[PDB]
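Here is query13.txt, consisting of compact mmCIF, C-alpha atoms:
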# COMPACT_ATOMS: atom_id res chain seq x y z
CA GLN A 310 132.83 98.23 105.60
CA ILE A 311 129.98 95.71 105.60
CA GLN A 312 129.66 93.36 102.57
CA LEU A 313 126.46 92.69 100.61
CA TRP A 314 125.82 89.18 101.87
CA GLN A 315 126.03 90.38 105.48
CA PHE A 316 123.69 93.29 104.91
CA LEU A 317 121.10 90.90 103.49
CA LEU A 318 121.57 88.73 106.57
CA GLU A 319 121.07 91.87 108.69
CA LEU A 320 117.79 92.66 106.87
CA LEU A 321 116.50 89.10 107.09
CA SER A 322 117.37 88.78 110.80
CA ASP A 323 115.13 91.74 111.48
CA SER A 324 111.54 90.56 111.05
CA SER A 325 110.45 94.10 110.13
CA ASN A 326 112.16 94.16 106.71
CA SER A 327 109.91 91.39 105.44
CA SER A 328 108.38 94.20 103.41
CA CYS A 329 111.30 93.93 101.02
CA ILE A 330 113.24 90.73 101.86
CA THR A 331 112.14 87.52 103.56
CA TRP A 332 113.23 83.97 104.46
CA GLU A 333 111.87 81.13 102.33
CA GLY A 334 111.83 77.96 104.39
CA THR A 335 114.59 77.26 106.92
CA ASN A 336 117.62 76.15 104.88
CA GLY A 337 119.00 79.54 103.92
CA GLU A 338 116.88 80.34 100.93
CA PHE A 339 115.41 83.90 100.75
CA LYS A 340 113.16 85.98 98.49
CA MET A 341 113.40 89.69 97.61
CA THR A 342 109.75 90.60 97.78
CA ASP A 343 110.68 94.21 96.86
CA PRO A 344 113.88 94.00 94.84
CA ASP A 345 113.98 97.72 93.99
CA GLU A 346 113.78 98.56 97.71
CA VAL A 347 116.53 96.11 98.66
CA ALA A 348 118.79 97.89 96.14
CA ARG A 349 117.81 101.30 97.45
CA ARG A 350 118.43 100.36 101.12
CA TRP A 351 121.79 98.79 100.22
CA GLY A 352 122.49 102.10 98.54
CA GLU A 353 121.84 103.99 101.79
CA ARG A 354 123.95 101.56 103.82
CA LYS A 355 127.00 101.84 101.55
CA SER A 356 126.57 105.56 100.73
CA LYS A 357 126.11 104.84 97.00
CA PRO A 358 122.84 106.64 95.92
CA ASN A 359 122.90 105.52 92.27
CA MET A 360 122.53 101.99 93.52
CA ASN A 361 119.76 100.30 91.54
CA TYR A 362 118.55 96.76 90.92
CA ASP A 363 120.82 96.03 87.92
CA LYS A 364 123.86 96.71 90.05
CA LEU A 365 122.47 94.81 93.09
CA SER A 366 121.85 91.77 90.81
CA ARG A 367 125.34 91.91 89.28
CA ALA A 368 126.83 91.82 92.78
CA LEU A 369 124.67 88.89 93.91
CA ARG A 370 125.57 86.92 90.75
CA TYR A 371 129.28 87.57 91.51
CA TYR A 372 129.00 85.34 94.62
CA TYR A 373 128.15 82.25 92.56
CA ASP A 374 131.65 80.78 92.74
CA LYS A 375 132.67 82.17 96.12
CA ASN A 376 130.89 79.79 98.52
CA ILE A 377 128.58 82.60 99.59
CA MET A 378 125.37 82.50 97.65
CA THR A 379 123.79 80.89 94.59
CA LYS A 380 120.66 81.86 92.59
CA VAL A 381 117.69 79.45 92.89
CA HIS A 382 116.79 78.05 89.48
CA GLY A 383 113.02 77.73 89.59
CA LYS A 384 112.19 81.13 90.97
CA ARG A 385 112.56 84.87 90.51
CA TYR A 386 114.56 87.00 92.94
CA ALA A 387 115.45 83.90 94.92
CA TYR A 388 118.85 82.96 96.30
CA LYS A 389 120.22 80.36 98.71
CA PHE A 390 123.09 81.14 101.03
CA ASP A 391 125.97 78.59 100.99
CA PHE A 392 125.32 77.13 104.43
CA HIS A 393 128.93 75.87 104.94
CA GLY A 394 130.52 78.99 103.50
CA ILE A 395 128.39 81.54 105.40
CA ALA A 396 128.92 79.56 108.62
CA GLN A 397 132.67 79.52 108.05
CA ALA A 398 132.91 83.20 107.11
CA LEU A 399 130.69 84.30 110.00
CA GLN A 400 133.47 83.46 112.46
CA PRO A 401 136.51 85.46 111.54
CA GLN B 310 110.08 122.48 78.10
CA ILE B 311 107.71 119.69 79.14
CA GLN B 312 108.40 117.87 82.41
CA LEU B 313 108.90 114.11 82.83
CA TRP B 314 105.69 113.36 84.73
CA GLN B 315 103.67 115.27 82.14
CA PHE B 316 105.31 113.41 79.25
CA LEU B 317 104.36 110.12 80.96
CA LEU B 318 100.70 111.23 81.29
CA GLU B 319 100.92 112.22 77.65
CA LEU B 320 102.10 108.75 76.70
CA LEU B 321 99.38 107.21 78.95
CA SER B 322 96.57 109.28 77.48
CA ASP B 323 97.32 107.93 74.06
CA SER B 324 96.02 104.42 73.79
CA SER B 325 98.63 103.44 71.17
CA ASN B 326 101.61 103.58 73.56
CA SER B 327 100.46 100.56 75.58
CA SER B 328 103.39 98.69 73.98
CA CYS B 329 105.71 100.56 76.34
CA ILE B 330 103.47 102.23 78.95
CA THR B 331 99.85 101.73 80.09
CA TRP B 332 97.29 102.61 82.75
CA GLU B 333 96.72 99.78 85.26
CA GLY B 334 93.27 99.85 86.90
CA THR B 335 91.35 103.08 87.54
CA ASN B 336 93.11 104.67 90.55
CA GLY B 337 96.13 106.14 88.82
CA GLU B 338 98.47 103.22 88.82
CA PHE B 339 100.45 102.63 85.65
CA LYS B 340 102.99 100.08 84.43
CA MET B 341 105.87 100.60 82.05
CA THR B 342 105.63 97.44 79.95
CA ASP B 343 108.78 98.49 78.02
CA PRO B 344 110.79 100.71 80.39
CA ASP B 345 113.68 101.02 77.93
CA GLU B 346 111.44 102.29 75.24
CA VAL B 347 109.78 104.81 77.59
CA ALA B 348 113.27 106.04 78.42
CA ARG B 349 114.33 106.13 74.75
CA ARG B 350 111.38 108.32 73.86
CA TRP B 351 111.93 110.62 76.79
CA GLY B 352 115.47 110.81 75.44
CA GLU B 353 114.39 112.10 72.03
CA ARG B 354 111.76 114.54 73.42
CA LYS B 355 114.15 116.40 75.68
CA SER B 356 116.82 115.94 72.97
CA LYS B 357 118.91 114.33 75.62
CA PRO B 358 120.77 111.15 74.95
CA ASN B 359 122.22 109.18 76.51
CA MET B 360 119.01 108.81 78.45
CA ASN B 361 118.47 105.27 79.76
CA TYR B 362 116.03 103.64 82.21
CA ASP B 363 118.47 104.10 85.16
CA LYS B 364 118.59 107.89 84.74
CA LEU B 365 114.80 107.94 84.13
CA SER B 366 113.99 105.81 87.21
CA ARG B 367 116.22 108.06 89.34
CA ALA B 368 114.34 111.11 88.05
CA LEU B 369 111.00 109.54 88.92
CA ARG B 370 112.26 109.14 92.51
CA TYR B 371 112.35 112.95 92.76
CA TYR B 372 108.55 112.99 92.63
CA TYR B 373 107.99 110.57 95.53
CA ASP B 374 107.71 113.40 98.09
CA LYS B 375 106.27 116.08 95.78
CA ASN B 376 102.73 114.78 95.56
CA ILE B 377 103.07 113.81 91.93
CA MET B 378 103.95 110.15 91.79
CA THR B 379 104.93 107.26 94.01
CA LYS B 380 106.58 103.87 93.24
CA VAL B 381 104.48 100.76 93.87
CA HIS B 382 106.33 98.62 96.35
CA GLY B 383 105.68 95.05 95.33
CA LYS B 384 106.84 95.66 91.76
CA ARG B 385 109.52 96.73 89.36
CA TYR B 386 108.14 99.22 86.85
CA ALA B 387 104.80 100.17 88.29
CA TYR B 388 104.13 103.62 89.59
CA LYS B 389 101.06 105.49 90.88
CA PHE B 390 100.08 109.10 90.15
CA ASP B 391 98.86 111.33 93.04
CA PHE B 392 95.44 112.48 91.83
CA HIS B 393 95.14 115.52 94.11
CA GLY B 394 98.63 116.75 93.24
CA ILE B 395 98.25 116.08 89.55
CA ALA B 396 94.95 117.95 89.60
CA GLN B 397 96.41 120.91 91.50
CA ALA B 398 99.65 121.17 89.51
CA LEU B 399 97.70 121.22 86.20
CA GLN B 400 95.14 123.81 87.56

Turn this file's structure into structure tokens for me.
Amino acid sequence: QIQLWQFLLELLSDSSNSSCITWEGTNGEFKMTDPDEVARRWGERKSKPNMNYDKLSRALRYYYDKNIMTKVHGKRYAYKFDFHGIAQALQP
Amino acid sequence: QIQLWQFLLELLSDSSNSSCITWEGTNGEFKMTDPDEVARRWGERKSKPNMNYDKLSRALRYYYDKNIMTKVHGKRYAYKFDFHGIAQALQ
């Protein structure tokens, strides 16, 4: 029942997934160093094997007005978690 | 009929298709510079619309454990042929 933003947090919290996703700095910004792999592993986790990057991207973009996550303007495959929103949600 | 991985080698062997697919380096890595066009052409050849990159990419994944072709991890549309397997499968 896990949601996408949590799964990314799960991957980032585990230093070993740096092969495909990694922290950038310390203020909640991250980079998908292997975007196709992030989409494939999110596919495994949610039992949806036609998961691909286009669909992963569409889901990430959906969060833009939901105090979850926004896409970083200068960079490719970069997002920044909404610090206040993620903090708030990660309690209930 | 012809199989997907063969059709890709066919496109790669012909210098004029670099607009959509091209060899990268000399160890069997290649890049699809226009993935949608590669898919469109694979669509006509196997007389199979509505072929698109998503169905194509998923088909390529079949090869990853069959000593034909593997997907290059840092990248989006770059793949690498298995020389030994390609050699053996051909004869």

Neighbouring residues of segment 343-345 of chain A were defined as those with any atom within 9 Å, considering only C-alpha atoms; residues of the same chain fewer than 5 positions away were excluded. Please report them as a PyMOL selection string. (chain A and resi 328-330+350+361-362+365+386) or (chain B and resi 382-385)

So which residues touch segment 359-372 of chain B within 12 Å, counting all atoms listed in the file, skipping near sequence neighbours fewer than 4 positions away, as number ranges by chain? A: 345-346, 349, 358-364; B: 312-317, 341, 343-355, 376-381, 385-391, 394-395

So that I can see what lies close to residue 332 of chain B, please list as number ranges by chain the residues with an atom at most 10 Å from it, counting all atoms listed in the file and leaving out residues fewer than 2 positions away in the same chain. B: 318, 320-322, 324, 327, 330, 334-341, 387-389

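Between atom CA of residue 389 of chain A and atom CA of residue 336 of chain A the separation is 7.9 Å.
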
Selection: 9 Å around residue 314 of chain A, only C-alpha atoms, excl. self and same-chain fewer than 5 positions, as an mmCIF file with C-alpha atoms, keeping the file's coordinate frame:
data_model
loop_
_atom_site.group_PDB
_atom_site.id
_atom_site.type_symbol
_atom_site.label_atom_id
_atom_site.label_comp_id
_atom_site.auth_asym_id
_atom_site.auth_seq_id
_atom_site.Cartn_x
_atom_site.Cartn_y
_atom_site.Cartn_z
ATOM 1 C CA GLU A 319 121.070 91.870 108.690
ATOM 2 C CA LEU A 369 124.670 88.890 93.910
ATOM 3 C CA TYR A 372 129.000 85.340 94.620
ATOM 4 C CA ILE A 377 128.580 82.600 99.590
ATOM 5 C CA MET A 378 125.370 82.500 97.650
ATOM 6 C CA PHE A 390 123.090 81.140 101.030
ATOM 7 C CA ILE A 395 128.390 81.540 105.400
#

Go ahead and compute the interatomic distance for atom CA of residue 355 of chain A and atom CA of residue 311 of chain A, in Å to one decimal.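 Going from atom CA of residue 355 of chain A over to atom CA of residue 311 of chain A, I get 7.9 Å.
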
List the spatial neighbours of residue 376 of chain A as a PyMOL selection string - criterion: any atom at most 10 Å away, only C-alpha atoms, same-chain residues fewer than 3 positions off excluded. chain A and resi 372-373+379+390-395+397-398

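Note that atom CA of residue 320 of chain A and atom CA of residue 374 of chain B are 24.7 Å apart.
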
So, counting only C-alpha atoms, which residue among A:331, A:342, A:326, A:315 is closest to chain B?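 When distances to chain B are compared using only C-alpha atoms, the smallest one comes from A:342.
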